[PDB]
Amino acid sequence: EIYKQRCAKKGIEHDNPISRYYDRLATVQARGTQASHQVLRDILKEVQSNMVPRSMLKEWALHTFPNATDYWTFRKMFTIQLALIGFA
Amino acid sequence: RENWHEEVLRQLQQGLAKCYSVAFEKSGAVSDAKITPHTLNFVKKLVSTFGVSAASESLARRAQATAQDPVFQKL
């Protein structure tokens, strides 16, 4: 929902990176070859550069928690809860 | 319980998620991948049923009356 809000503000469709991934795979496969690990790396790098920057969640949090204490507390809680969730 | 618009929307989203799972399974063969019988049956069920104890009986009666909507018929 955070990602979709960022996309709606930017005006881009949220399923665009998946379409780009499959389009790039079709383009490489049309050349009669399987996609290497490097092709997948290039696709992910392209998605990161163009459509989904690394800072979407951070910029959302900075807007959502302008108070420094609230931002710190939220981030710390998020970190520990994610630690437990990933462990599980 | 949800109205028929929301039911059809939910089923479309579920089918899209299943299609994405199949697409990554068939990632080797994009532009040649075909739909599985499961997705075929899912879409057949969706088109056959397009969304549409006294409380449950009254809800069923309402749903029967809901099908008269011309906009729902055109959709």
Side-chain angles (χ1 to χ4, degrees), chain A residues 1-66 70-88, chain B residues 2-52 71-72 74-75:
Chain A
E1 284 165 281
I2 297 167
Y3 170 54
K4 281 179 178 182
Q5 287 169 1
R6 304 253 62 66
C7 288
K9 205 195 81 73
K10 195 181 290 289
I12 66 165
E13 302 206 326
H14 69 285
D15 272 8
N16 265 9
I18 311 173
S19 307
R20 184 65 58 96
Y21 179 97
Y22 282 108
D23 283 349
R24 288 285 183 232
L25 284 187
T27 299
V28 170
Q29 286 165 13
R31 288 194 283 142
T33 186
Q34 283 297 320
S36 69
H37 182 81
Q38 195 54 54
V39 174
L40 306 182
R41 285 293 305 281
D42 293 352
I43 289 165
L44 183 59
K45 190 177 184 290
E46 177 180 355
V47 169
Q48 283 179 357
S49 54
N50 294 51
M51 290 173 267
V52 186
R54 282 177 59 103
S55 48
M56 287 188 139
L57 179 64
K58 195 188 175 181
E59 287 168 30
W60 173 82
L62 285 166
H63 188 79
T64 305
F65 305 101
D70 287 357
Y71 183 91
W72 173 276
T73 305
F74 177 82
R75 185 180 70 172
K76 176 84 177 295
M77 187 68 75
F78 192 111
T79 307
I80 56 185
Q81 295 271 278
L82 189 71
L84 269 71
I85 279 164
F87 166 91
Chain B
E2 316 94 319
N3 65 75
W4 71 269
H5 310 83
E6 296 165 346
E7 173 78 329
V8 183
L9 184 60
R10 178 257 290 275
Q11 283 167 336
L12 285 169
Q13 296 277 18
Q14 189 175 9
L16 177 61
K18 287 182 175 181
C19 285
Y20 276 145
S21 306
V22 179
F24 191 59
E25 176 178 336
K26 302 184 179 194
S27 175
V30 182
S31 304
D32 199 20
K34 309 305 191 307
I35 69 171
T36 66
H38 191 93
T39 56
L40 185 67
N41 288 349
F42 190 82
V43 183
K44 281 284 185 178
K45 202 174 75 76
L46 299 197
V47 300
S48 177
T49 308
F50 195 60
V52 181
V71 182
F72 153 76
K74 289 291 184 180
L75 291 165

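Throughout, a chain's letter reflects where its sequence line sits, starting with A, and its residues are numbered from 1. Hydrogens, waters and symmetry mates are skipped; everything else that's a heavy atom, side chains included, is used.
- The CG atom of A:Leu84 sits 12.0 Å away from the OG1 atom of A:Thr79 when rounded to the nearest 0.5 Å.
- Summarising the local packing, CZ of A:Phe78 is surrounded by 12 or fewer heavy atoms from other residues, nucleotides or ligands at distances under 6.0 Å.
- Surrounding NZ of B:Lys45 are at most 12 heavy atoms belonging to other residues, nucleotides or ligands under 6.0 Å away.
- Summarising the geometry, atom CD belonging to A:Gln48 is positioned 4.5 Å from atom CG belonging to A:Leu44; distances are rounded to the nearest 0.5 Å.
- Atom CD of B:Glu2 has more than 12 heavy atoms from other residues, nucleotides or ligands within 6.0 Å.
- B:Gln11 and B:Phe42 get closest at one heavy-atom pair: O-CE2, 3.1 Å.
- Between A:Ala35 and A:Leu40, the closest heavy-atom pair is CB-CD2, 4.5 Å.
- Here the shortest heavy-atom pairing between A:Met51 and A:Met56 reads O-CE, 4.0 Å.
- Of the charged side-chain nitrogens involved, none lies within less than 4.0 Å of a carboxylate oxygen, so that A:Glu1 and A:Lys4 do not count as a salt-bridged pair.
- Note: A:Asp15 CG to A:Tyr22 OH = 11.0 Å, rounded to the nearest 0.5 Å.
- Here A:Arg24 pairs with A:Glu46 in a salt bridge; the nearest charged N to carboxylate O distance falls below 4.0 Å.
- The 12-atom threshold is not exceeded at CD of A:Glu13, counting heavy atoms of other residues, nucleotides or ligands nearer than 6.0 Å.
- The environment of A:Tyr71 atom OH is dense: over 12 non-hydrogen atoms of other residues, nucleotides or ligands sit within 6.0 angstrom.
- Side-chain contact check for B:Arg10 versus B:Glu7: some heavy-atom pair is nearer than 4.5 Å.
- A:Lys76 contributes no side-chain N or O that, together with a main-chain N or O of A:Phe74, makes up a donor-acceptor pair within less than 3.5 Å.
- Between A:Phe65 and A:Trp60, the two ring planes are perpendicular [angle over 60°; tilted spans 30° to 60°].
- Aromatic ring orientation, B:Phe72 versus B:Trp4: perpendicular (interplanar angle above 60°, classes split at 30° and 60°).
- When side chains are defined from C-beta on, B:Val8 does not count as touching B:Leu75, because their heavy atoms never get closer than 4.5 Å.
- With contacts defined as side-chain heavy-atom distances shorter than 4.5 Å, the pair B:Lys18/B:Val22 does not qualify.
- Across A:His14 and A:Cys7, no two heavy atoms sit closer than the pair CA-SG, 4.0 Å.
- Residues B:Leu12 and B:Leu46 approach most closely at N-CD1, 4.4 Å, considering heavy atoms.
- Taking CZ of A:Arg75 as the reference point, atom CG of A:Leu57 lies at 11.5 Å (rounded to 0.5 Å).
- Between the CD1 atom of A:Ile18 and the CZ atom of A:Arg20 there is a distance of 13.0 Å, given to the nearest 0.5 Å.
- Atom OG1 in B:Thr39 sits 11.5 Å away from atom CG in B:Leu16 (nearest 0.5 Å).
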